[PDB]
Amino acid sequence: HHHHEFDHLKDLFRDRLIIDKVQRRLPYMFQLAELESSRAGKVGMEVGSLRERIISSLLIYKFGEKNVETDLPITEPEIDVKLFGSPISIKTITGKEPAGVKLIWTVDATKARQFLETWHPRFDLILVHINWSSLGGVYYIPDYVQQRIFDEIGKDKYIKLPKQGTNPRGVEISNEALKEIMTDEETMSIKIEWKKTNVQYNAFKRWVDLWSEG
């Protein structure tokens, strides 16, 4: 179709046109996502679900709709999209460096410990490190990189349980494990300067107009 771009993830990350489009436009697209996922200028966690659409759409752009399977139930653990049948986890995180990234959105103490004792990395990860007005990047972290680090340090150092007596939102990858998987030689990245654009937008207008018309 007319919106097609003229180890598949390796190919994506080395494609010069993809690199240029991501560097030039990912900030703008992510800014539209946040403008649609906020209230009083504060961004909701649900922005992640919209950013995920944007990243899956990059895959469709390069590889074609026939080769990207987006039809995964929204509550599926980990896997967000498949590329030529191969599962991909997408994660997004804002900060000077990524911190506190979740592996599962479970807070119950018993279920969290069950996860710690059973989970290991299985899926290729696309991690977007957002750092507004500064430098971040998008990272392709192969399943085997995650497995290497997990094998080396063990579950008890890789996985951080929710802290009891606080109000958290899930089981996290440890900050040390995250930094190690992001910086492995076999991890690929596109660096991004997250420059903001003067784009505005009132979330309520569409709906007020639908109430008012006719």
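Quick note: we count residues from 1 along the sequence shown, nothing fancier.
In this entry, residue 6 and residue 7 are separated by 4 to 9 residues of the deposited sequence that lack coordinates. When 86-94 is weighed against 112-120, 112-120 comes out higher, by mean CA B-factor as recorded in the entry. Averaged over CA atoms, B-factors in the entry run higher in 172-180 than in the other of 172-180 and 35-43.
When all modelled residues of the chain are sorted by CA temperature factor, residue 192 is found within the lowest third. Split the chain's modelled residues into thirds by C-alpha temperature factor. Residue 69 is in the middle one. In this PDB entry, the Cα temperature factor of residue 166 sits in the middle third of its chain's modelled residues. In the deposited entry, the Cα temperature factor of residue 53 places it in the lowest third of its chain's modelled residues. Sorting the modelled residues of the chain by their CA temperature factor places residue 19 in the middle third.
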